[PDB]
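Visitor: Give me a model of this one.
(one chain, ligands or ions: 2)
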Amino acid sequence: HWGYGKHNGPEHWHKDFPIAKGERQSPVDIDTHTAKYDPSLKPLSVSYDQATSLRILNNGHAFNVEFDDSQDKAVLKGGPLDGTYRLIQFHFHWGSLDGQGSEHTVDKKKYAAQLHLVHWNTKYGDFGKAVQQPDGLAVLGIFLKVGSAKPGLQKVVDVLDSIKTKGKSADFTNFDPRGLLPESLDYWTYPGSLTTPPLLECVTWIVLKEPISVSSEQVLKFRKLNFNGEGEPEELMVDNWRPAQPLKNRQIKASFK
Ligand SMILES: CC(=O)Nc1nnc(S(N)(=O)=O)s1
Ligand SMILES: [Zn+2]
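Guide: Numbering: from 1, shown residues only. Ligands and ions are numbered 1, 2, ... in the order given. The protein structure is shown below:
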C-alpha cells in the first residue's frame, strides 16, 4: 500500500487519500521571521511522571513506543490547548544522511530526525474518535541534531535489534519519556494534520524551538531497521519523512519573541 519509495512515496498518497492536497496539511516549513509571537499563549504543561510505557513495535513505516492511555497518567495541557490530551505513543522520522530526516523545517533547515509525541483529546473518549475532530490530537514535535549522545534515548536504541522487521514488537516497560525533552519548552504552533495516511486534519502541532542532540552511533542504529517483514528482501528503513506542505491560509504562532 503506501510507503516512502518512489512508487508509493508521498507524491503518490493523494490517489488513495485525496485529503493529501488539503488546506491544513503537515509538515510545513517554519519561517521564523513571519511566525507571530503571541503573548496570550500559555506555557506548555507536560506531566509525564505517571507515564506507563508498554511495548515497542516496528510497524513497517517507523517504530512506535506505546503507552497505557486508559487513564490520565501522562498528559499534555496548556499552550494553545484546551482540555487534557493523553500520550498514546511516540515515534521518529529520520533520514539516510544527517542532513535530512525531519518533517518540519525551520527556515528551510532540515534536521537529522524528528520525534513525535502523540496525544489525543480526552473529551472524545478514545483515539479513534479524536482523529475525527479538528482539535482531536496534539503532537509535540522535537528536532534531533547529531552531536553528543542523548543518555535517555539509549534504552530505545538498544532494543531495536529485537524489532528489526515489520510486525516485530517487544515489551518496553518503565521507559520515561521525560528523558527525551530539551531544556526549554518554547515552541511554535499551527493547525495541521497527521503526516502519514490517512493524513487527517485533526492536529494542533506544537514544535519545540530547541533540538535535542543525539550521537551519530545512536542515529546509525535507527537506519538499521527494515521496512520489510522477516523473510522478505531487505529494505532499510530510512527517509521515512514527508516533505513540507503549503502553509496556505494558516499562521504559525510562536510562544517566544
Ligand atoms: C496512532 C497514531 O499516533 N497515528 C499517527 N499517524 N501519523 C502521525 S504523525 N506523523 O502526524 O505524528 S501519528
Ligand atoms: Zn510522526
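Visitor: Ramachandran coordinates for the nearest residue to residue 226 once chain neighbours are set aside?
Guide: Excluding its sequence neighbours, the residue lying closest to residue 226 (CB to CB, 6 or more residues apart in numbering) is residue 165, at 4.8 Å. In short, each C-beta sits where N, CA and C put it, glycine included. Main-chain torsions, residue 165, degrees, to the nearest 10: phi -110, psi 160.
Visitor: All further residue positions should be reported with the first residue as 821.
Guide: That works, and once the first residue is 821, the last one we named lands at residue 985.
Visitor: Quick check, residue 985 in contact with residue 1044.
Guide: No: assessed by CB atoms under 8 Å, residue 985 is found out of contact with residue 1044, at 11.0 Å.
Visitor: Neighbour count: these two, which is higher?
Guide: The residue with more neighbours, out of residue 985 and residue 1044, is residue 985; 18 against 12, by other CB atoms under 10 Å.
Visitor: need the residues of the stretch 971-1077 of the chain near ligand 1, please.
Guide: Within the stretch 971-1077 of the chain, the positions adjacent to ligand 1 are 1014-1016 by CB under 6 Å from any ligand atom.
Visitor: State the distance from the residue of the chain most remote from its centre to ligand 1.
Guide: Most distant from the centre of the chain: residue 1051, at 28.8 Å, with distances by CA atoms, centre = their mean. To ligand 1, residue 1051 is 26 Å away according to CB to the nearest ligand atom, to the nearest Å.
Visitor: mind checking the SS state of that residue?
Guide: coil (DSSP: H, G, I helix; E, B strand; the rest coil).
Visitor: ok, and the most crowded of the residues of the stretch 971-1077 of the chain next to ligand 1?
Guide: That'd be residue 1015 among these, by other CB under 10 Å, with 24 neighbours.
Visitor: I'd guess that residue is in a helix, am I close?
Guide: No: Residue 1015 is assigned coil when assessed by three-state DSSP, not a helix.
Visitor: Next, it: phi, psi?
Guide: phi -100, psi 0.
Visitor: ok, now which ones touch the residue nearest to it when sequence neighbours are not counted?
Guide: Counting by CB to CB, 6+ apart, residue 1015 lies nearest to residue 1062, which is 4.8 Å off, once chain neighbours are set aside. By CB atoms under 8 Å, 6 or more residues apart in numbering, the contact list for residue 1062 reads 830, 846-847, 913, 923, 1015-1016.
Visitor: same deal with residue 1004?
Guide: 1028-1030 are the contacts of residue 1004 under CB under 8 Å, 6+ apart.
Visitor: Redo these as CSV? Include distance to residue 906 and neighbour count.
Guide: Listed next are the contacts of residue 1004 as CSV, based on distance: CB to CB, whole Å; neighbours: other CB atoms under 10 Å:
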residue, distance to residue 906, neighbour count
1028, 19, 20
1029, 24, 17
1030, 24, 13
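Visitor: Having no further points to raise, I will conclude here.
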